[PDB]
Structures are given as C-alpha cells and as structure tokens.
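Following: one structure in structure tokens, then a few remarks.
Number of protein chains: 2
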Amino acid sequence: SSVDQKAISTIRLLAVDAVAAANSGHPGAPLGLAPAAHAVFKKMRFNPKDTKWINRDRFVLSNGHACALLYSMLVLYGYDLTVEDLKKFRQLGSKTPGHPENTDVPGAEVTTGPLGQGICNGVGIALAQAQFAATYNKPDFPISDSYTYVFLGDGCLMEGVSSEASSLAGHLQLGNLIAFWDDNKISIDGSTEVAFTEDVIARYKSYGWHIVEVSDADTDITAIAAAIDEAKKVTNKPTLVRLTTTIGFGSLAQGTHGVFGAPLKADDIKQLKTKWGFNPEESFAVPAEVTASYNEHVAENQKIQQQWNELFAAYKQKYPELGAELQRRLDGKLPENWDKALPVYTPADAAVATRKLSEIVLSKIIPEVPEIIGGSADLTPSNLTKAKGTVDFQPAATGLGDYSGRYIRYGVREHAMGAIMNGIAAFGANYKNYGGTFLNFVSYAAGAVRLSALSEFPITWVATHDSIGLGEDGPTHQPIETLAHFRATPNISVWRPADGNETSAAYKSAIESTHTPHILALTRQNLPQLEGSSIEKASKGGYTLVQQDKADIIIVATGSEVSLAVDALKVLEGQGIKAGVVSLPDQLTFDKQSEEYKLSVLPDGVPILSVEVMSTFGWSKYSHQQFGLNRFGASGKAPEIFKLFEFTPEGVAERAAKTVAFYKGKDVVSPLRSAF
Amino acid sequence: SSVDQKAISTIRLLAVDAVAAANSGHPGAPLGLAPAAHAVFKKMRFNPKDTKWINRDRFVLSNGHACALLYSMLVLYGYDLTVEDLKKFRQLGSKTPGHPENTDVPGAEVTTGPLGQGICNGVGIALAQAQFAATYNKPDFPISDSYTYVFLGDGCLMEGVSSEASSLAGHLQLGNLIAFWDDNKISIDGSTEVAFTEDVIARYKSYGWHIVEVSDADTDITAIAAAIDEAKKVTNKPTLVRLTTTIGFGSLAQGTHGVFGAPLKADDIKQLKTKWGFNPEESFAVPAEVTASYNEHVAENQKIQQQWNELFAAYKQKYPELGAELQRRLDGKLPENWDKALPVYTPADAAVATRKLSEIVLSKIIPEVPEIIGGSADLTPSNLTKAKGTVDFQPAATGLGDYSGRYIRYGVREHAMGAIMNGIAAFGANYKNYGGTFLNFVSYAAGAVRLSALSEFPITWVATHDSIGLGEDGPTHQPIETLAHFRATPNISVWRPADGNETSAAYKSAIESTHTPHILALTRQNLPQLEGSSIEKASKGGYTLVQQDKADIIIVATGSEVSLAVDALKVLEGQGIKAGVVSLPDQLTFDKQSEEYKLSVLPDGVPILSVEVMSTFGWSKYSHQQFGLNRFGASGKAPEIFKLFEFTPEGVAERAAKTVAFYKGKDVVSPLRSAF
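As you go down the protein sequences, you meet chains A and B in turn. Every number in my numbering is 673 more than the matching position in the first sequence, counting from 1. Every number in my numbering is 673 more than the matching position in the second sequence, counting from 1.
What follows is the structure, given as structure tokens:
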C-alpha cells in the first residue's frame, strides 16, 4: 500500500537526483524499473552489514547503465553507501561510478555495463550455487538454497553472449535463476522496431526457460511479487519475467529514447516530485517511513542469517569433515599443503606438450581441492576433459551428470564461458574455476576477459594450441596478437610455460590467485623438460635458466621458444658467442618482483634478444632486440612452419650474432631501466 | 539418378582421400553434406572461369573445418584448383589450407573456420545484394537477382555471433538468403545432448525465418532441391533448411564424434569405396561422367553470364549514368576526384571532437560515393546516424527505410556487425562499408576484426569515445589495451586522428583501401585544429608537425595527445628545453613509407618520448621512452581524469625533461634502427 508506493517514488527520485547532480547518466531505466526493484529486494535475503553471507540471494543489474537504481537500493537498505555518495554519482573517486564495479561498490556482485555480461554472470552465480548446494547440503541442512535475480534490458538481449548463456542455462535447468526483462521498447540504439523485432518470449521458450508476463510493471508490484513466487515453484527451469514498463515512467519525456541516457530537464524533475507528493525544492529526499520499512526487512534477513549461522554450527557437529572444508573455503584458504599434489619433472623425463602437462596437473589437483571446478568450450574432448574420478555438471534429470559434478560442458560458447566464469568466481566460497579452449578463440570472449581483470576475479583460461605449433588448422587458428592483447590489459597474468615444472608453477599461481585472472598459453606439440627449471624458480615469473657470467648476449624466451633458445646457445658456442638464457613464463608475475631480483635476471651491460613466435609487442620491456612473428601463419605441419619463419636454432643464432654486432662499441643498460 | 549418385560418391571420396593424404582434417561433415552440396551447386549460377561475376550466386561454408567438401566441389567444377591441389590439403604453401581463405582459394568468398563467422558473412553478402539490386535494377533490367547459400553446423548455431546476425537477418526480411543446418547431433565439443538441447527451429521461427525440414538429407536430393525452390518462393524471409544427416555417412564410424575431426582408418576408406562402386586401391578418382555432368551445368551458367553481359550493355544504353557508375564500381575504381569532398580545416577554425569531424566527413562523402554504406551498433544516434539526404536500409514493408537505403541499424550487435561488414566487402562492387560503435566494444567483435585483416577486406570501424576522454561512463567503457591489440594484428590500419585535417586523411585511407581494414579511434571531447596539419602530411601515417632543428627531444603522439604535446613544448621552452612534435595518426601507414621518409620523422641523435593515453605496447618501435596509461581508468569528468594521471602539459614536460637527462652523455640512435 502506501509505504510501498512512497518507497518506489523515493527510489525513482533518488536516481533522477543523482543523474541531475552529475549532469550525466541514465534516468530512464531507473524510473521504469523502480517498482520491480522494490518488489525484488523485498523478496531477497541479504545483510547490508555482511555482503559476503554465502546463502544470500544475489542481485545483478545487467543493464548496468541503470546503476543509479542499484545505488539507490543499496543506500536505502543501509549498505556502506550513503546519500552523500549518491550526490557524487559519476564524480572522480566516488563510490558511485557511472557503471557499477564490484571492487568499488558495496553490494555490487559483479562489474556490469558492457551489455550482455551481467545476465551471463548471473548464470554463473546460479551454476555455482547449484554445485555448492549439491556438494554441501544434507537432510535437515539446507546450507545453500539461495536465488539469483537479474535485471536486463533490450540491449543485453541483442548481445550474442546472452543468447549463449541463456541456451546453456536452459539446458542446465537452473531453477534458482530468475531474470527480469525490462520490456520498454528502447535500447541505447533507439526504438526496438528499428532492429529488434524478434519474438523474445518464443526464443526463451525454445531454450527451455519458464516465462511469466507482467503486463503493467509500471504499477503492479503485486504481480511482480507473484511472478517471483511462480518462478520459485518451477525448480527445473530458469525463469524470464517480462516486465512491460514505460522507460522514464513519470517524466514528461517518458516512453522516448531521450530519457534513456541523458539527465532530465529541471522542470521535469519538479513535476515528478509534485505529482508523487515530494517537495520540488528538495533533492535526495529519504522519507523516514521508507527507511523504517526497509529496516524491518533487513532485521528479518539478519535473523535469517543468524539462524543460518546456527545451522552451520550444527552442520559442523554432524558432518565434521564437510563442515571444516566449508569453513576453510569461507575463510578464503586453500587446503594446507595442497601444492604438494603438483607434478614435478626432471630433465630425464620425456618431452610432453604443455596442453597434456596441464591436463595432468588438473587431474592431480582436482581430487585434492574441492573448490576447483571448470569446463571447456569449442574444444574436442581429446584436448580437455574432466578429471578422472569426477562427473560432468549436469542436472540429474538428464542422466548425463549431476549438480555435484565438476566439469562444465559449455558448448561452443567461449564468450559466455568467460562471463559465466566471472559469475562462478563472484559466488565466492573460494571457487577457483577454469575454462578451456584454443588460445586464438579466447579472443571471442574479450568482453568478459577484460571484466575478469577489472573485477579482480581469479578465473583461469586453459588456452591450448598457442601458436603456429598447432600446424595444419592454419592461420585462422594460429595466435599472433593474442598474448600482446591480454598482456597489455591491466591485471592479467599470461603464463606461457615451457615445460612440466613451469606448467605446475603456472597452476600454483592460478589457483592461489585471489585478485588476478590467469591465461595459460599451452602447446599442441611436445616440448623437452628443461635443465634448470623448477616450480620455485618459475614461480618468480621470470628466471635465469642458463647463467653465463661472461655472456655476449642473453636470450629471453617463453614457452616453446625456451628450448629453441637453449639449442641456439649451442649453435652460438660454435660461432664463438657465449649466451645466457632467461625463461619468462609470466611477465606480470615477473614485473611484481623486486627491482634487484629483476635486474639479476636482465642485468645491465649485455645485449638481450627476445624470442617468442608471435607479436613482438611488449617485448621491449625486457629486451633490446626482438625476434617474433608479426604476420599471419600458414597451414602445414608445424615443424615446416617454424623452418619457414626461421624459428630454428640457426635462425635464432643468426639474429643473436647480429645483435652482438649491432651493440659492438655501445654502452648497453638493462631494458628494465627507465627515465621515469 | 545414377550420375547424381556417382557425383555424390565422388565428392565424398575426394574429401576423405584429401584428409587421408594430409593425415589431418575433418572427414565427417564432408561425408554428411555431400548430397546437399551436390544439390545446391546444381541450383547455383556461377562461372569457374570468372569468380567475380557480380550476379553469381554465392556459397559460404560457415562450418569451415569441412572445407575438404568445398575444395572437392571447386575441383569438380573446374575452378583454378585441381586434384593435385587436393593431394596437398593442409600442406605448407598449398591452395588447400586446413580452413578456407579467400586470399588463397579460388571460389572461397570469405575466410571461414572460426565458428559462427560464415553465416554472418552470408547475411552481409545478402544485405549487399539487396542494397545493390535496389540501387541498380530497373524494369526489364534485373542487374542483380542472386542468392546467398550458407552451410552451417551445430557449432555455428551455438556461437552468439550467429544469433545476432540471424535476429537481424530476420528483421531485415532477407529473402535471398538460404541457410542449411547440418543437423547431425555433433559439434567439435561432442554430442549435442550434452550442451545443445534447445529447439533450434523454434528459435529461428522467433527471428522471423522460414523453415524447411529435410528428414533424410543423407539421400534425398530431390527434397533438398525442392527446399531451395520453396525458399525462393518466400521472398520476405531468410530460410533455414534443416538437413538431418549422419555425420560421416558411410563410414564404419558414422554417427560418432570420432569422425568429426580426424582421418578415417584405411580399412574404413576401402569399404567406402567398394560399397559405392569405386576401386579401393585408387585415390582421388574422378569419373568422367561426373565431370561431364558438372561441365554441362557450367556451360549453362556461362551462357547465363553471357546474357547478363548483354543485359548490362543494354542497361548502359537505357540508363547511361547508372550504367557508367556500375561499370566504374565493377572496375574497382572510386569516382574521379571524389576526395575533393573531404573537409579541410585551418588553425583558425574552432575545436571539434574527432567523432563529430568523422560524422561531417561521412555526411560530405556519402552523397558523392554511392558504394559507401554503413551503420552502427551499441551507440546512440547522437553519436552516429545516417548522412542527411539518405534513409536507413530496411525492407520497405516496415515503413522504416528501403533496401536502397544507406545506413544499417545493426542493433546492439557489435560482433555480427563486424562479420556482416566482411560479407558486404566480400560481395564486391567496390563496396566501402563502415560500422560505428565505442572503441572499447570493438573488442566484442575481435573474432570478426581479425578475419577482416586475414581476408584483406577494406572495412572501416568508426570507433568513438577512444579513451579516458569519454569521462563519466568510467573504466568499463575506457580503452586501455584496445589499440595495442589491433596494432599487433597484421594488416590493420589504426588511425587516431588529432584534428580535422587528420580525420579527413584517415577517411581518404579507409575509403581508398582495397586490402586493409581500418579502425578510426575518435574522441568524445573537443580538440583544437593544429598548426602544421594537412591531409597531405597526415596521409603519410606519421609526419613532423613541429620541426625543431636543435631539438633536445622529439615528442611523438597521436589523437588527443598531439595538442597536449604542443602545449608541453611551450612549458619546456620555459625550462630551456627545445622540443619537436611528431604526429603519428596511423602506425601501419607510417611503417609502409620509405626508410628515408621515416628517418626524417624519427631521426638519429635525439631522444624520443611517446605520449598516448593508453597502453605503451608497440610504442618502442618509435620512441626511446613511453608515457602511457597501463592501468584501468576512472569515472569522472574527463579533464579531472587527465589531471589525475598527469596527462597535462606540465606532466608531459616533466617526463620530457627526465628523458633528456637520462640520455645526457649517451649516444642515441633512431628507434627505427634494428639489428636484423
């Protein structure tokens, strides 16, 4: 009744006033979605004073431009966000950025705005919840029973990533996912009649979703609440709730593209306030009756969490081992000495492709670290499959797996895999999750990968077939630019291990990570075990593999090119040139080491040549001269392609000799030195 | 009857024998799709001796791994591809690469393999055909009436890019598009029951496609032909033909994932040959009766082209101006002196954002160059809209445009826009087409962008809001890595114009291009017109803006940072430091200039500092020290963000002074010098 209507008006006007203060941002969807936001938050279980309660319901604003709405909800419910923060919407350094960021905004589960991402993140939160519940729940112990609520608009529904994730979520029968479509006939691009005339509901039925339609979502909060109740009864399908709204509801300019993405006029804001019973002379008003009503819901939710804490204590008594495991995960700690399961190799061991070494690592650590789950997309089972002793993550109704399973069959859906991985990480409970594909097609998921970095999520791409070393599939499949792209993105560890020990170091980093996504670039072709490699040294990101105190040159290399550098060293010896070799399996980890450590690897006074069979971009950080591949590849047997491009011991040696000659009579300082 | 069955067996066995010779590749889909390929090619109009006939039907193999099938068709029809080339499938340097490449394979319209791309390319070929026909056809002059036939598999149907393009193609009522789904219950990832249980047909109906189902596509070529006839009657919908096939049909391992992507066993190939009436001891057999039957179809198609040539001659007589325009386009030539329409500016003109300058260029050149069409995705109309005097490309039935229109409303579909642009370019007829979005979300289309480069297509991204200069939308929207990514990709011109004259040079390059895709990185914020800029100098990619014969330092910059460098020069003068300024609007164009020209811009004997407000990757090609932004951005007013990161005249000057001091007493040679 009346306090609910007052709350809705309060939300609407807080959002409009925030946009007005910034003179920037998006008032239309906040106005249109305030009734639904009020109704959904009243059904959600959450604690503003404990944003990490593991059995909270999660909310995701996929239409992230509408974040003045989210911030208004968080303020009204007493999260660590205030009206003073709302006044600083879109202002440098504020807690209310123009699109919501999980690192900066209390109560933002994920970073959204780039369209399509949030709904996929919601799929991942729901996937994680189902896996977590299957792992821990017991009779009389509903440790995990929470829902995932997502708001999304027409823009998200046009982005292909959301189609991928929605097809998969329907297949996975994710009944605790409840998404709400803001059916307002507008996107950033304009009216939907211009480019978006598909039958959305028919499409979602084709994916196996349940549908509820709310024809008057501008006012009918009773029907929105009833739609949630209906969705909760359908336990084997995700639900799409069609919210037919007027964008900018209440504005003089309601129902037009003009209210999508620009501040309202001042006189429009005045008439909004007067017709909803607010003072047109006042901004950022919060009626105390609204606060009281919201506080009551918080207090009830806090009593639910208090009871959950007692359930968890009783669970530890009845299921001591599972309880201790759950506690450890909620504390953010891996199993003690888990890394003793990492395989270790010697130079007497056989050559192995780093793809195969990686799969061996996973097979050893998955049984020991329950919070590891993962999967693959656009990749044959022979290139990655589940660890022996596990099953696929599937609804049991299919007969193909169980929600307790550990390996996700993403289908040919790289981009959704990337965004779903972000949602699994966002769930919490120490999930360390991975996704396998070919390195060249990690690029299909760039939108999500960048968000892994910005969101500080410890996700891992298992990215095989890293180079021309894959051979016959040819230039359509062979990375050139890919490592440069991701190394140039802030906060991405890009491991390119050369051998067995380096591959174990790469996984130690990826699994221990709490704030940095990892990409592991792995080979189709076999590589030798290196003399001088170890987990310890490779864990520094870069290390001296072959030390030469009288070096004429140092060759720095990664991955498959480290063995090439070692072979080139022998050719150079016959030419009277003494070389050292540095292996640089992760540039980010190396960069984070001390200046003195880094200089011990890349000293002053000696020319340094890099060797890596893809783009030379970035390599001047570490080298004076760069031997790389800055053209597309070729379709043939891999050794013949390496020969064609002179990535041979003799070709490296020739360039090393030319490098020595180029610096004769010159003073050479480490590439690590800088003017500023 | 019998020759048709023999042809199908011939196709199947050529494909299997090609895979066998390579001991690599994909026999399953060629076996399953040979009946459909035979039926479709028999309905297609094409000339193996003139692959560029503008009224040919086009074929696209979206499931590009199946290319042994395509190559077999091209060989049998007498394209410039032989059995000897088939024997060299997947061999270094051959005309039969492991995935088809338009640059290397006669009769390959586009480069496919990366899943989802080809169907989107087909949408673009069909879009171009509709626009072309609307522009040129007249009563009794069907200059353009061709169809676009696409084969695609389950993998393509899972990739989100194909959903985007299929939604849009349905909206656009593209009745000359006929796609065929290889419904074989397999993808690269395994059986479709595992991850792909959606109702594909219901989804395609929701997009507005027509459906024809062929339940026995292993044998029923009569029904496949009838499906094509049915599709041609439905002139206002694209058609999806469901081909229910057995992957690997005929193999001992038919209907299993094992035949998807590995060579068959030798004994399996023997039994295939014997049961189809071939000699199991023989490989690469081509029965002369098959050749005769295919030659008859070629001869009929050549008579159709001969009549088309006479129609075109009669068209030139009746419609002299349109006929001459069409001839010019088919000759690959732009209008004479078209570039006189490019806007020119002086330093007395007002400051303008390069986004606005770009839109002004388009508004002036679109009316003068009929082969320019383009559109936008995920971008408000205020940031890009159609040129004044044109209409949107829409089916007239909608009332929202016409097929003669010039501006495509792609919706929020960046990746499909990128792949559709490739298809428009592939159509030919000198189409110079563009697609607008925010630079940060060009990354959503990386799969297609890379293929623009590999395919050598002259497409153009109009990529606004290039940096932290966009301000309040914040780090989710602000590029950091994006230019480095695309500059590191072979064959991409990445223009970052600083002012009006540079923006005109960028368009001169983009429109004149025949083999190189362009990305134009453009500003939200206003920039001054520069003293020293011109179309002539900027057309060199890099040029000396401010020459200083006694320079202590040269500052090289792009885009918004050129004006910053000029302001820093004045600060430095007060510190007793003399600087020159270089503007580097396109690194690729610059790299292609003569060594002497490049050294005149970046000489020996002077320290060089780069300034660009994003990643420093690549910049060591042109500079000794680099001032960039290697962290994510911020949400606030843009000038405050620049100040925060010290991209100010004083901050640049400080780093320039430190650079001068760092090189005191050192011998400095141009960054352009190399040891090899």
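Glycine is no exception: its CB is placed at the ideal position from the N, C-alpha and C atoms.
Sequence-distant residues of its chain with Cβ nearer than 6 Å to residue i (five each side left out)
i	result
B:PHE814	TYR988
A:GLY789	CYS829, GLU832, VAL834 and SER835
B:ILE1192	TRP1134, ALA1136, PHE1159 and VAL1167
B:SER697	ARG763
A:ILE1314	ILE1141 and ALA1307
B:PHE1320	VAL1286
C-beta atoms of residue i and residue j nearer than 9 Å
i	j	result
A:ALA694	A:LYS768	no
A:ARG685	A:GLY923	yes
A:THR912	A:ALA852	yes
B:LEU743	B:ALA709	no
B:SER1256	B:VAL1235	yes
B:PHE1100	B:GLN1299	no
A:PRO779	A:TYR752	yes
A:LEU1245	A:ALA1334	no
B:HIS970	B:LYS715	yes
B:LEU1156	B:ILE727	no
A:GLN1202	A:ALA1021	yes
B:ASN775	B:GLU1044	no
residue 631 of chain A	A:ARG915	Since the first and last residues shown for chain A are 674 and 1349, residue 631 of chain A lies out of range.
A:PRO700	A:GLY921	yes
A:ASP856	A:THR917	yes
7 Å Cβ shell around residue i - same chain, five flanking residues per side excluded
i	result
B:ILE942	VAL689 and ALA693
A:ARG1123	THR1162
A:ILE894	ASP677, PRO708, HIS711 and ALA712
A:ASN1199	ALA1024, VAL1025 and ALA1026
A:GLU973	none
Beta-carbon proximity list for residue i, same chain, < 8 Å, skipping 5 on both sides
i	result
B:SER1273	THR1217
A:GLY950	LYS679 and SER682
A:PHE1305	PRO1148, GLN1151 and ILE1153
A:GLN1260	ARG1160, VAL1167, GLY1214, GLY1215, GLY1291, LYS1294 and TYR1295
A:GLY863	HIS930
Residue(s) in a DSSP beta bridge with residue i
i	result
B:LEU1282	B:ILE1228 and B:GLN1298
A:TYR822	A:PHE732 and A:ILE851
B:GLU886	B:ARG915
A:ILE1045	A:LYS1105
B:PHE1066	B:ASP1075
Open item on the list: As an exercise, report each continuous beta strand (DSSP E) stretch of at least 3 residues that is fully enclosed by the segment 1203-1279 of chain B, in chain order.
Closed with: Note on the segment 1203-1279 of chain B: whole beta strand (DSSP E) runs with a minimum of 3 residues are 1216-1219, 1226-1230 and 1252-1256, in chain order.
Open item on the list: Counting beta carbon pairs with one atom in the segment 834-844 of chain B and one in the segment 795-812 of chain B, are three or more of them shorter than 8 Å?
Closed with: The segment 795-812 of chain B makes contact with the segment 834-844 of chain B; the number of CB pairs closer than 8 Å reaches 3 or more.
Open item on the list: Check whether the segment 1137-1147 of chain B and the segment 1212-1230 of chain B touch, using three or more Cβ-Cβ pairs below 8 Å as the test.
Closed with: Per the Cβ contact rule, the segment 1137-1147 of chain B is not in contact with the segment 1212-1230 of chain B (fewer than 3 Cβ pairs under 8 Å).
Open item on the list: Count Cβ pairs between the segment 1263-1273 of chain B and the segment 1231-1247 of chain B that sit closer than 8 Å; are there 3 or more?
Closed with: With a cut-off of 8 Å, the segment 1231-1247 of chain B and the segment 1263-1273 of chain B do not count as touching, because too few Cβ pairs lie within range.
- [ ] Flag this pair as touching only if the segment 896-905 of chain B and the segment 861-880 of chain B have three or more C-beta atom pairs under 8 Å; answer yes or no.
- [x] Cβ pair count under 8 Å is below three, so no.
Open item on the list: Under 8 Å: do the segment 938-956 of chain A and the segment 881-895 of chain A share three or more Cβ pairs, one atom per stretch?
Closed with: Short answer: they don't touch.
- [ ] Kindly confirm or deny that the segment 1246-1260 of chain B and the segment 1034-1041 of chain B touch, where touching means at least three C-beta pairs closer than 8 Å.
- [x] Taking 8 Å as the limit for Cβ pairs, the verdict is that the segment 1034-1041 of chain B does not touch the segment 1246-1260 of chain B.
Task: Ordered list of beta strand (DSSP E) runs contained in the segment 944-1029 of chain B, each at least 3 residues - done: List check, beta strand (DSSP E) in window: nothing returned.
- [ ] Report the residue ranges of all alpha helix (DSSP H) runs contained in full by the segment 1163-1191 of chain B; include only those spanning at least 4 residues, in chain order.
- [x] Here the runs fully enclosed are 1173-1185.
Open item on the list: Is it the case that the segment 1004-1014 of chain B contacts the segment 1181-1190 of chain B, given that we only count it when at least three CB pairs across the two stretches are under 8 Å?
Closed with: Output reads yes: the segment 1004-1014 of chain B touches the segment 1181-1190 of chain B.
- [ ] Please confirm if the segment 952-971 of chain A is in contact with the segment 732-743 of chain A, defined as three or more CB-CB distances below 8 Å between the two stretches.
- [x] Between the segment 952-971 of chain A and the segment 732-743 of chain A, the count of C-beta pairs closer than 8 Å stays below three; the two stretches do not touch.
Open item on the list: Does the structure place the segment 1066-1075 of chain B close enough to the segment 807-821 of chain A that three or more beta carbon pairs sit under 8 Å?
Closed with: Not touching, per the Cβ criterion.
Open item on the list: Just to confirm the assignment: which complete beta strand (DSSP E) runs, minimum length 3, are found wholly within the segment 1110-1146 of chain A?
Closed with: You should have 1133-1137.
TODO: Report yes or no: do three or more beta-carbon pairs, one from the segment 1105-1117 of chain A and one from the segment 1075-1094 of chain A, lie closer than 8 Å?
DONE: Taking a contact to require three or more Cβ pairs closer than 8 Å, the segment 1105-1117 of chain A and the segment 1075-1094 of chain A qualify as touching.
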